[PDB]
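The residues making up each chain are set out below.
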Amino acid sequence: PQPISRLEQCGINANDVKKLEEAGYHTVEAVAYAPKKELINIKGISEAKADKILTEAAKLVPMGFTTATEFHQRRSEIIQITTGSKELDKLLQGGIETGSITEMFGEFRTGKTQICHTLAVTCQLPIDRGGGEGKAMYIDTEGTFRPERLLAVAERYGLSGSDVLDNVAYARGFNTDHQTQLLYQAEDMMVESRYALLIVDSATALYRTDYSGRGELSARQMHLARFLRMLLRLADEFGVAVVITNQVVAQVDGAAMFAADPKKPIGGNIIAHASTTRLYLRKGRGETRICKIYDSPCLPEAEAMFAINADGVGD
Amino acid sequence: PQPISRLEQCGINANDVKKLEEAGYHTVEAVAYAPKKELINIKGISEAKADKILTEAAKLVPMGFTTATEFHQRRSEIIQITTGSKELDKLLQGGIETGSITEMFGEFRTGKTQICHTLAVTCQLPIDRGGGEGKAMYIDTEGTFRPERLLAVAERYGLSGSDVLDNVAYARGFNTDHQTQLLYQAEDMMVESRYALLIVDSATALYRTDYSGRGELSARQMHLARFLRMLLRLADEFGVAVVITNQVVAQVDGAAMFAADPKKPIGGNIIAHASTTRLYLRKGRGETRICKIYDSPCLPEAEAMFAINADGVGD
Amino acid sequence: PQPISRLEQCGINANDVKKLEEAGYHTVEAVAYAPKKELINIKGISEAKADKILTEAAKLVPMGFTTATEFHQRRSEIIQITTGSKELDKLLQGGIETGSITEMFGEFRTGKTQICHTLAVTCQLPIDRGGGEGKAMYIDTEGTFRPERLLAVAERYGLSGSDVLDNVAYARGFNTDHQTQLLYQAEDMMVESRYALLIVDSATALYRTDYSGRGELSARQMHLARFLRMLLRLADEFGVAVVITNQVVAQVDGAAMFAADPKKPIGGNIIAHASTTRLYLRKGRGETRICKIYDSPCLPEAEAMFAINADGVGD
DNA sequence: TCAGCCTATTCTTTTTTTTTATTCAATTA
DNA sequence: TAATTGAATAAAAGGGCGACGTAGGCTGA
Ligand SMILES: Nc1ncnc2c1ncn2[C@@H]1O[C@H](COP(=O)(O)OP(=O)(O)NP(=O)(O)O)[C@@H](O)[C@H]1O
Ligand SMILES: Nc1ncnc2c1ncn2[C@@H]1O[C@H](COP(=O)(O)OP(=O)(O)NP(=O)(O)O)[C@@H](O)[C@H]1O
Ligand SMILES: Nc1ncnc2c1ncn2[C@@H]1O[C@H](COP(=O)(O)OP(=O)(O)NP(=O)(O)O)[C@@H](O)[C@H]1O
Ligand SMILES: [Mg+2]
Ligand SMILES: [Mg+2]
Ligand SMILES: [Mg+2]
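Residues numbered from 1 in each chain as written, not as in the entry; some residues may be left out. Chains lettered and ligands numbered in written order. Part of a larger assembly, values for the part shown. Heavy atoms only, no water.

Structure determination for this entry is recorded as cryo-EM, at 3.91 Å resolution.

This is the structure we're talking about:
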């Protein structure tokens, strides 16, 4: 967590340093690793001083070629905030990945609001219990924010009641353009304090409910690539873990029985380029559920069980 | 629940208040739930005036991140009206909740419309007697409005019939779009008098008879999702309770394995992610039927038992 | 009961108003009962003028939001035709509520084709003796229409059957699509003269023979669903008691018990959800038949003995 | 011409078919 | 003297088994 108070040097004034705050660029990681075509069209920053803010951002955080052994250390330095389920820690090799896109499939009753509200108390746990010891936030868009589920699974982990009440924040995401106004604000709390998890269970559901296909046909598409350009900028900012429940379409293959999958879910191929690690969830018998990793040479294809019981997502 | 009679501040002219009204969004809650580019496509609106509506309405309603010890109270203000027999109410922890989506689905003669008529008398009850002291809004397309039942359950709770008849009102949608034609009625009446409940007793029955051509996103699915976000909108506009009713299909693929008669009710995944909770209907013996809850994030998957008696639901 | 001549105003063209009548829409309620896109799909129509109908269909008939009091005045304004038997009316609490689908399924020889003969006679009475005093319709797809049987009921009620033979009009179906076509001719007759009873006394006897099952079933069921939409709209325009005779299969599994003999009325769910007053017909001893009630919004699960005499239904 | 025709290459590896209701202490003497 | 049940059973295996079609679109036209 680093603000842009470092970026006040080399002839810069106090007026222009606020014009990076009001543009949405609240971190020093936002300045160097952004493409140049979005930074230059702001009214009131000239071309020579725009080349001044990129050259001071180059030497602090390096964009040059770094050793591949440092990348393997960048692969293993993940905190791996565990889901509470030890089978998934044997499936995803020790929990969720902080800073990589981790997508979970779901249609109905598969525990999607139950997995998000067990992880939302996990962010206070120490690193031996798996959690990252940090604040977090659950932004909901389907009107399914639960205090009772949040308060009960804290008793499973044995914490108090009032500390997790000061934990995960919530705002109702009304619109697809309201996904952006929280995102500039969610980086602004990242200036205020450290955060370790961000969860939205129905981010793609707003895409299902704003753009009446077709006629807009690209407007439903580029707003997904927009939203998947913002969150990876926060994922490259600190290394925050992302947890998104994505919905699934029932593909019509129902003649007869050969590879009959009501599948190939929504979001398109442009989330498929961004989802380096995908998961499939589905109903089993009773209330027990099953996870399988998809669309990932990073994680091996296997299956395990996570059981939504009265205590939480456990066994 | 606030109207646009207060937005007429800081240069907003009188033309854009009432043309926003008739076009479909009567409340400033709906303006925050309206998108950016959708406001531009109304004839009589420019792009510069489209900023002056959404930004100035953002001065009215706040959308910041609020901590988890405040929605615990925001859920606690829910009136959570009763269901007429406490075995369902203890299954539902008091009864159905306001500001959510609740669904009853079952085969036939199972009381999909009879659980409506007992909820239709609840809205004029006091808060000690479950009711939010308001009015309910009954919509049905099949023709299951039988107001002699509404005389009956008012005598179940003692109160007179005429004042109840001055209350809850009716509409019958003949078309899929005719639902959204009569949907504007909601807000319209809503701001004139506080309503406790909305009933659409045939959500997807009209959609069952107007498919796309072969199953596709058109009127069968997209206009269904256009419908449900407005049902989401009314849940977020006023917090008014609403019950929804989906018909049921059979399964022709499941040869005589574990259960020879499974159902999987219609609508696919678009209804399912808009679905907050469901309660499955199936008959027992005679007047005894059975409610089984489906897909609640806050309540377990338990089962209860009611009976359609002459006074209404009972035991 | 208002035709397209009540629509021919306001500079609306005379070339499209016959295209409605070519598409079966002979009255302004039907286009008000029709969704927007399908009328746009009609060839040779102006799209805006089609919308100009859709605001003037909204003007001519009440599609506006009303309160249950005037409904309860208008729902009391139903002719409520008696069924010839004294015991059957008090079972149904005053006979057959006009404007509704009342289904009568049973085995062979129970009286399904018998009662539909007697109902066509008792329409011609004045309303004091539970008559309707209107024309009535007979759609047969079995050939079991027998006008000699009507004259026996005519002598029972002191009415000259020669006068009753100038009314009820015969028709005969042969196909699935010859059936649904026969509504569109009949709709006109409903404009040009008052009716009370449109019987389809083997309405689902024909869909079983002309579609196999497990494949070509969805082509049956959707087309069965396309049938009832035209059928419910005939009830609501002209105020006509709609009587459907369903046949019945025998269910074949370990559900074989007594007094249910498990029958499972054919037509799945789409013939079930379109019930207002679903019946059931068992044979007792001899001519004493036993009419159990299913699936009705206002009636209890009772039964009433009735004997099919030499002169119609008797007691 | 489209509409009937033609069946272009594909492509990736693993999940769950019952029950007549006694034990006991009984839920009441 | 309470006495009927709130509770609980399983390794064998049935009076059971069957789906639309727009996707490469030649030739007839
Ligand atoms: N009090 C409770 N006790 C036990 N289990 C519970 C309780 N409340 C909820 N559950 C479980 O929560 C599960 C709900 O799964 P879930 O997939 O989160 O539903 P959902 O996500 O809210 N539906 P949706 O809004 O469409 O995402 C149920 O299957 C229950 O087993
Ligand atoms: N006076 C009454 N006494 C007892 N039961 C009644 C009485 N009136 C109606 N019922 C029952 O109420 C139920 C009404 O049917 P219901 O199941 O609500 O409609 P439904 O599920 O929508 N089927 P459908 O109306 O065709 O779509 C039936 O089970 C009737 O037996
Ligand atoms: N003149 C009569 N006197 C007495 N009973 C009669 C007379 N004519 C017919 N019936 C009875 O009417 C009943 C006809 O049964 P009904 O159920 O109407 O026919 P149905 O079953 O529909 N024929 P089907 O199409 O094969 O089902 C029989 O039980 C006859 O005994
Ligand atoms: Mg869930
Ligand atoms: Mg019902
Ligand atoms: Mg008969």
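**Q** Give me the protein's contact with DNA strand D: which residues, what numbers.
**A** In the vicinity of DNA strand D, the contacting residues are A:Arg282, A:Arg285, A:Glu301, B:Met257 and B:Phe258. The sugar-phosphate portion of DNA strand D accounts for 92% of its atoms within 4 Å of the protein, the bases making up the rest. Within the side chain of A:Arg282, one N or O atom sits 3.4 Å away from a phosphate oxygen of DNA strand D. One nitrogen or oxygen atom from the main chain of A:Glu301 is found 3.3 Å from a phosphate oxygen belonging to DNA strand D. (Near = heavy atom within 4 Å. Polar contact = N/O pair within 3.5 Å; in protein donor to acceptor, adjacent residues only side chain to side chain.)

**Q** Requested: an account of the interface of chain C and chain B, with residues and values cited.
**A** Interfaces are frequently sized by the accessible area removed from exposure as the parts join. Contact residues are listed per partner, giving 32 residues for chain C and 48 residues for chain B. Of the roughly 3,600 Å² buried between chain C and chain B, counting both surfaces, carbon and sulfur atoms make up 59%. Our count for the chain C to chain B interface comes out at 2 salt bridges. A salt bridge links B:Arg172 to C:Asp236, with the nearest nitrogen and oxygen atoms 2.3 Å apart. (Contact = heavy atoms within 4.5 Å. Buried area = accessible area lost by both parts, 1.4 Å probe. Salt bridge = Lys/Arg side-chain N within 4 Å of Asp/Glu carboxyl O.)

**Q** I'd love a proper account of the coordination of the magnesium ion (ligand 5), names of residues and values included.
**A** Residues and elements named next belong to chain B. Binding of the magnesium ion (ligand 5) to the protein goes through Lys-112 (N) and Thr-113 (N), at separations of 2.2 to 2.6 Å. In this structure, the magnesium ion (ligand 5) is coordinated by 6 donor atoms arranged in irregular fashion, with angles at the metal of 62 to 162°. Relative accessible area serves as the criterion here: at 8%, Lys-112 is assigned to the buried category. Residue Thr-113 is classed as buried on the basis of its relative accessible area, which comes to 18%. (Donors = N, O, S within 2.8 Å, 3.2 Å for Na, K, Ca; no water. Tetrahedral: all angles 85-135°; square planar, octahedral: opposite > 155°, others 65-115°. Buried < 20%, exposed > 50% of the residue type's maximum accessible area, 1.4 Å probe, protein only.)

**Q** Give me the nonpolar core: which residues, what numbers.
**A** The biggest cluster of nonpolar side chains holds 39 residues, and the ones touching the most others in it are A:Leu91, A:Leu92, A:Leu197, A:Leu279, A:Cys291 and A:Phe306. Of the residues forming this core, the biggest block, 5 residues, is contributed by helix α5 (residues 112–122) of chain A. Discounting chain neighbours no more than four positions away, the residues touching A:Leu91 are A:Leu279, A:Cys291, A:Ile293, A:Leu299, A:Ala302, A:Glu303 and A:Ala304. Listed in part, the 36 residues of the second largest apolar core include B:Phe145, B:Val243, B:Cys291 and B:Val313. (Core = buried A, V, L, I, M, F, W, Y, C linked by side-chain atoms within 4.5 Å. Helix = DSSP H or I, 4+ residues; strand = E, 2+ residues; numbered from the N terminus.)

**Q** Go over the protein's contact with DNA strand E with me, naming the residues and quoting the values.
**A** Neighbouring residues of DNA strand E: A:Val252, A:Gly254, A:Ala255, B:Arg214, B:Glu216, B:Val252, B:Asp253, C:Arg214, C:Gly215, C:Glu216, C:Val252 and C:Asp253. The sugar-phosphate share of atoms of DNA strand E within 4 Å of the protein amounts to 37%. Between DNA strand E and the protein, one listed contact pairs a phosphate oxygen with a side-chain N or O atom of B:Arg214 at 2.4 Å. In the model, a base nitrogen of DNA strand E is placed 3.0 Å from a nitrogen or oxygen of the C:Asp253 side chain. Across the surface near DNA strand E, the residue classes tally to 4 nonpolar, 2 polar and 6 charged. (Nonpolar A, V, L, I, M, F, W, Y, C, P; charged D, E, K, R; others polar.)

**Q** Provide a residue-level description of the arrangement of the chains, including the pertinent values.
**A** Between all 2 pairs of chains that are in contact, chains A and B come out with the most contacts. Across all C-alpha pairs, the smallest distance from chain A to chain C is 8 Å, and the two are not in contact.

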